[PDB]
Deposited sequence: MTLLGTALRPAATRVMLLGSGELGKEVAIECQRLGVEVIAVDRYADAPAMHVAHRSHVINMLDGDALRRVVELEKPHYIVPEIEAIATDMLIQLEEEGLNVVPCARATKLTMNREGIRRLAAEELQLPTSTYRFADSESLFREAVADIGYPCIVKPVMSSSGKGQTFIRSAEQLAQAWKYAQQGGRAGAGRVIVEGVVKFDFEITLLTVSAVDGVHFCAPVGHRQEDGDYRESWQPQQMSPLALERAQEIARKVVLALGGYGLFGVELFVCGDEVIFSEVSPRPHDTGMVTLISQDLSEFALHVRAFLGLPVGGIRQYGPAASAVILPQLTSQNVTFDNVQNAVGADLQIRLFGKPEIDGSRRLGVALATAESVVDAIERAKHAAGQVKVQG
């Protein structure tokens, strides 16, 4: 493996499609290796753009627009950071010789729940919640009837819980369906039976030249479609961990290509159930910014560049807690920062240009002798931040 010098003729060029907080760290890790970074998104001054050599704002769902920016910048690697990309064009491009991380098929399969769900459950025979898809209200209604209550309805093309409803009674059916319509390419939906898990985890799995490597299990807590806190390591029985690893390995290998994947799993004792997978760094993995020698961002980079992982070091109990304020502003400020960092406590503020409602603008990170204590220290610190606009 050979790397060039960013900005020079033989530069190794990486193009990020999506410039949120996740890509910002991928960008930093690229920059740490003198890798040239082109950050693209649907809006200007996106996080990853702050730390990139050059940025472009285009409609990433427009295959022609994508083709255009790619032809323009001639990246060696196209690193999708969000789901909402013109995957069909990535496949084209990949065929035309471009390297899509981890691979274009991985991106296509995961951007639509139907693809990844059917692959995992039907082709890989992995355990998942029960599910049905529906593309009309009536079909949706039949689906619910067959699935039972409670059940969760989600659009097949969504993230961070947009257009999703936890359905407890037929009473919600109409609202649920409309709402699932508002969320979505606005479309088809998935109706899943509710898994009553003991806890849920994210198994950050790196597929690299030297094999499949696993980060220690990251536990996470979700609320109202948003991850609130994550921690590592999440304790699991030996049997559960081994089962989780098995599932994760099968998934990443099936999707193909080098990179770090966020394998979302539900744990019921010693039993593990597959939920979904990010074929790229995962939000919950932001805890690895404090908990490992190589963050999930650093690992994604390492793997995609074709270099060996070797191993991953875990420094002990740690957690992340989101900074998710709710306001409307185009000039956001953060005060009381002196009460948000200190010993074994840090924060990250994304640089997002504005907010109009709820938005993840930063994250607090902490370490401690237990995840319980780390979680509290991180939440507390996130809380101390006085967000104003």
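K.L.:
Counting from 1 along the deposited sequence, which stretches were left out of the model?
P.N.:
Holes in the chain trace, numbered from 1: 1, 188-189.
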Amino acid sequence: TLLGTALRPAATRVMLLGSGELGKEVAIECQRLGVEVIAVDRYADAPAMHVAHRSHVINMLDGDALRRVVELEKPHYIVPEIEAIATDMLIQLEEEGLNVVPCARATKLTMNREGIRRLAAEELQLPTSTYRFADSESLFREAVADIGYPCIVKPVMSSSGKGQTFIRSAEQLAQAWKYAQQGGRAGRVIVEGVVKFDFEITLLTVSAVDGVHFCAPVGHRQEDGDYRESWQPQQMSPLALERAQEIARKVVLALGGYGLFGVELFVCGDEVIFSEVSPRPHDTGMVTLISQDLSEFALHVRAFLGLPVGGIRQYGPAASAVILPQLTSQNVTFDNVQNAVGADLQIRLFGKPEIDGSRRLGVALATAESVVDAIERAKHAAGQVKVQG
From here on, numbers count along this sequence of modelled residues.
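Definition used throughout: the rigid core is the maximal C-alpha set that superposes within 1.5 Å between two forms.
K.L.:
Using RMS Cα distance over all structures and residues, flag whichever of 25-33 and 326-334 lies farther from this form in 6 other deposited structures of this protein after a core fit.
P.N.:
Farther from the shown form on average in 6 other deposited structures of this protein: 326-334.
K.L.:
How do 164-172 and 229-237 compare in 6 other deposited structures of this protein: which one has C-alphas farther from this form after the rigid core is matched?
P.N.:
Relative to the shown form, the greater RMS C-alpha distance in 6 other deposited structures of this protein belongs to 164-172.
K.L.:
Go through the other compared entries with residues on either side of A186 and state whether a third or more give it no coordinates.
P.N.:
Yes, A186 lacks coordinates in at least a third of the other entries compared.
K.L.:
Give the stretch, out of 44-52 and 351-359, with the larger mean C-alpha temperature factor in the deposited entry.
P.N.:
The stretch with the larger average C-alpha B-factor is 351-359.
K.L.:
If you average the CA temperature factors over each stretch, which comes out higher, 204-212 or 294-302?
P.N.:
So the stretch with the higher mean C-alpha B-factor is 204-212.
K.L.:
For the C-alpha B-factor as written in the entry, point me to the maximum among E96, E81, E73, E142.
P.N.:
Top of the list by C-alpha B-factor: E96.
K.L.:
Would you mind checking which of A176, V263, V272, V101 has the top Cα temperature factor in the PDB entry?
P.N.:
By C-alpha B-factor in the record, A176 ranks first.
K.L.:
Lowest, middle or highest third: where is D344 by Cα B-factor in its chain?
P.N.:
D344: CA B-factor falls in the middle third of its chain.
K.L.:
Sorting by Cα B-factor within the chain, modelled residues only, which third would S320 end up in: lowest, middle or highest?
P.N.:
It falls in the bottom third of the chain.
K.L.:
Sort the modelled residues of this chain by their C-alpha B factor and say whether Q164 lands in the lowest, middle or highest third.
P.N.:
CA B-factor rank for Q164: highest third.
K.L.:
Select lowest, middle or highest to describe the third in which the CA B-factor of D283 falls within its chain in this entry.
P.N.:
It falls in the middle third of the chain.
K.L.:
Which third of the chain holds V37 when residues are ordered by C-alpha B factor: lowest, middle or highest?
P.N.:
Tercile = lowest for this residue's CA B-factor.
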